[PDB]
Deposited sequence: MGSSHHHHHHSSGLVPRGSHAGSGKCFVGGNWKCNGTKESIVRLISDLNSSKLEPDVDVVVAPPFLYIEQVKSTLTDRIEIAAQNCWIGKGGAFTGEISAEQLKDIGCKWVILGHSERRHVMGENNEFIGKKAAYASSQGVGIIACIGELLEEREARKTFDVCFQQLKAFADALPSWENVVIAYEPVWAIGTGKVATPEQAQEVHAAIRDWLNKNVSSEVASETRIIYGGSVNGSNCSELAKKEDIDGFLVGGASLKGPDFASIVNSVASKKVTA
């Protein structure tokens, strides 16, 4: 098994800014035993695939619930396959909470994307109001079950825990607390082999100056990086922290 670091560029970047980011990612020294993924906005995925080192695999940030057709504005998983993505981010907190995506909806995307041979970065996490109600685990478990009930296999799936409730700062102990509970849930509700093989990555706010103490935690297998992924040096330091 290998640790996993994904860079979610979110809704950011231009042709010019992405040339510079690709330049700095290409010149980075990245340790070889980490799986590295970046997720550009749809428009720029071809430019990234063409000029970024093939040591880094490419993810998209979303897809539609089913095959293509009369869904203006949407991108299908078979199109993600066609353009060269190996991964798609599903259930990101911003799509759940700004954009209203519910669990059944996200579950349909996971079933369909995996059916097209695209890996899933499956995002889960609870709001501040839910943690306060002592429902951290109820919410994360309900979200995991929706992925589990839809997926044909866990082989090409990574789980990202997003402490949405922080937005204070989550401690490495609070992060590890959830990652352990997630891995336990897999053990009890899927299998022992899935529980040990599935990477569980931390998706709270992470940069090159706070990743090292999170990386030491037993059930933190890497990171889903937000804003720090827009800068080569910061991102490379996060990659190298889990090597």
Deposited positions lacking CA coordinates: 1-23, 191-193, 270-275
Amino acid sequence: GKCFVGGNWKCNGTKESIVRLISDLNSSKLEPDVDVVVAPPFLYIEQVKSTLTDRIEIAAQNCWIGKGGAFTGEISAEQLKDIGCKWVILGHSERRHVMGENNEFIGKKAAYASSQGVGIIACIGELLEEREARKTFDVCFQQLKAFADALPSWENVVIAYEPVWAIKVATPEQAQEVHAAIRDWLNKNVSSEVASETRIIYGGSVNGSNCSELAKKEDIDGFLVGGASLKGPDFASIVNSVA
From here on, numbers count along this sequence of modelled residues.
Mean C-alpha temperature factor, higher of 74-82 and 148-156: 148-156
157-165 versus 127-135 - greater average Cα B-factor per the deposited record: 127-135
Residue with maximal Cα B-factor (values as given in the PDB entry) among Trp64, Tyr44, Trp185, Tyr202: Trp185
Criterion, highest CA B-factor; candidates, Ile58, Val194, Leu52, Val206: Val194
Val5 by Cα B-factor - lowest, middle or highest third of the modelled chain: lowest
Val88 - Cα temperature factor, lowest/middle/highest third of chain: lowest
Entry-reported Cα temperature factor of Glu173, expressed as the chain third it lands in: highest
Chain-relative CA temperature factor third for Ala180: highest
Chain third (lowest, middle, highest) by recorded CA B-factor, residue given as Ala215: middle
